[PDB]
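Structural characterization, general
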Amino acid sequence: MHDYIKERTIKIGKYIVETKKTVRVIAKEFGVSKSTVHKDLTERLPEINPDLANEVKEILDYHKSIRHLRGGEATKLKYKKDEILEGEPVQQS
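1. Some remarks on the packing of helix α2 (residues 23-30) against helix α3 (residues 34-41)
With their axes 9 Å apart at the nearest point, α2 and α3 run at an angle of 110° to one another. Compared by their axis directions, α2 and α3 come out roughly perpendicular. Packed against α2, whose contacting residues are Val23, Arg24 and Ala27, the element α3 presents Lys34, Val37 and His38 at the interface. Grouping the amino acids of the contact of α2 with α3 by side-chain chemistry returns three nonpolar, one polar and two charged.

Here you go:
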């Protein structure tokens, strides 16, 4: 049964809009990983509340806009992360 846990995401979906921050800010507050939050924020959240699911989706569209600038941090992260083989996907400019 997931009738109770369904509310666990409610707080998040409502918090993301209250602070207008990213899932990374809401995950650290709850004590979980973004991969775990976004998982429900895009599954249960929308499943039980499609409208509220848009809130978290809105900030996402904005996170990709400035993402080009955030990449600066991901550049070095490659050194801290696992190997980095040459096999990136197909993209354009």
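Okay, back to it.
2. Comments concerning the environment of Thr36
Looking at the secondary structure, you find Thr36 in helix α3. The sequence separation of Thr36 and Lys81 amounts to 45 residues, and the corresponding C-alpha distance is 19 Å.

3. Some words on the UniProt feature "DNA-binding region" in the protein chain
The feature "DNA-binding region", as given by UniProt, occupies residues 21-40 in the numbering adopted here. Across residues 21-40 one finds 75% helix and 0% strand; the C-alpha atoms that close the span lie 17 Å apart.

4. Quick look at the UniProt feature "domain: HTH deoR-type" in the protein chain
In this numbering, the UniProt entry assigns the feature "domain: HTH deoR-type" to residues 4-75. For residues 4-75, the end-to-end C-alpha separation is 40 Å, with 85% helix and 0% strand making up the annotated structure.

5. Overview of a positive patch on the surface
Judged by side-chain charge, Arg24, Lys34, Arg67 and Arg70 come together as a positively charged surface patch. One can find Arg24 in helix α2. Judged by its relative accessible area of 54%, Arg24 is exposed.

6. Some remarks on the pattern of salt bridges
Following the criterion strictly, the structure yields one salt bridge and no others. A salt bridge links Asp40 to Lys39; its shortest N-O distance comes to 3.9 Å. The buried category is assigned to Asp40, whose relative accessible area is 15%. Here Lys39 falls in the partly exposed class, since its relative accessible area comes to 41%.

Parameters at a glance
Residues numbered from 1 in each chain as written, not as in the entry; some residues may be left out. Heavy atoms only, no water. Axes fitted to C-alpha atoms, helices over the stretch in contact; angles between N-to-C directions. Helix = DSSP H or I, 4+ residues; strand = E, 2+ residues; numbered from the N terminus. Parallel < 35°, antiparallel > 145°, perpendicular 65-115°, else oblique. Contact = heavy atoms within 4.5 Å. Nonpolar A, V, L, I, M, F, W, Y, C, P; charged D, E, K, R; others polar. UniProt positions renumbered as here; feature names shortened; annotations may be inferred. Patch = residues over 30% accessible without salt bridge, like charges linked within 9 Å, V, L, I, M, F, W, Y side chains within 5 Å. Areas by Shrake-Rupley, 256 points an atom, 1.4 Å probe, with all protein chains shown as cover. Salt bridge = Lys/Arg side-chain N within 4 Å of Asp/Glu carboxyl O. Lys, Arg positive; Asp, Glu negative; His and termini not counted. Charge placed at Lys NZ, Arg CZ, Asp CG, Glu CD. Buried < 20%, exposed > 50% of the residue type's maximum accessible area, 1.4 Å probe, protein only.

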